[PDB]
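What follows is one chain in structure tokens, specifically the form deposited in one PDB entry.
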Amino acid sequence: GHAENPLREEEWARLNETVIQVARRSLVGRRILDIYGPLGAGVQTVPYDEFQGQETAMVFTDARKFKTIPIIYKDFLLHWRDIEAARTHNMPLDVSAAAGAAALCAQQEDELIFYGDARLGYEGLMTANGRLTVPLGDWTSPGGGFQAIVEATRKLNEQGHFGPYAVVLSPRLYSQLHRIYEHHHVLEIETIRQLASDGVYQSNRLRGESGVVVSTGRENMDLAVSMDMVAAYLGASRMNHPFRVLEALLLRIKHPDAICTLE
């Protein structure tokens, strides 16, 4: 009675679609970053940089750096009588716990993307060495956000990065960009959307009053994914069934000067 697969193919597919739909609904960075992969679950180490080209033998060693790929996961539990009822009474199965686990995993992925981990030697878009900086200014009065975005665009342009550009902002700035004033009547969010072709987005992971403008391109930054978010069975403990939702990816920043941060 221990078995290997407590569910059927249709239930497996339905759970996987639920998880992937939650992940695609929740993730933000995948709208601004390119994908290198999937490479496979057996790949654990990835290069970080780009390859640059007598009377005894010679020894050659690669000058590139390498990094290991981490894993993100979250667990949940299912009931054997519920599974039996679903199988015998021809009812659909409930996947709310799987949806919540996928949402938590997506939140953790976004946190790792935007801030990384200093203890493990991981860098984020907001803490990378070599990025450009633009003073925030005063967004309470009209014009500050547009001026800051224009200045950031100019500074990115002067370093040989010509766009198109993407903008990510904190909830406070995003809400401040939608204010209505007397005889101003034009949305700074609309003007910034017109200016930035790749898009303007809001993320709750950003803290306080902060924002980032990035120049897209595979030769500046990307995301290497070994295994996309998926669910697995951990084996029956007692008679209930445990499952785990997990994924594996890493962020590679090759040109730090394509990122500008607005205080």
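Numbers follow the displayed sequence, beginning with 1.
Just so it is clear, the following notes concern the form deposited with a partner chain bound, a form of the same protein that is not shown.
Q: I'd like to know if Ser210 sits close to the partner chain in the deposited complex, meaning any non-hydrogen atom pair within 4.5 angstroms.
A: No, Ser210 is distant from the partner.
Q: Could you confirm whether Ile253 comes within 4.5 Å of the partner chain in the deposited complex, counting heavy atoms only?
A: Residue-level check for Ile253: no, no contact with the partner chain.
Q: Would you classify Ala23 as touching the partner chain in the deposited complex, given a 4.5 Å non-hydrogen atom cut-off?
A: Heavy-atom contact with the partner chain at 4.5 Å: present for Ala23.
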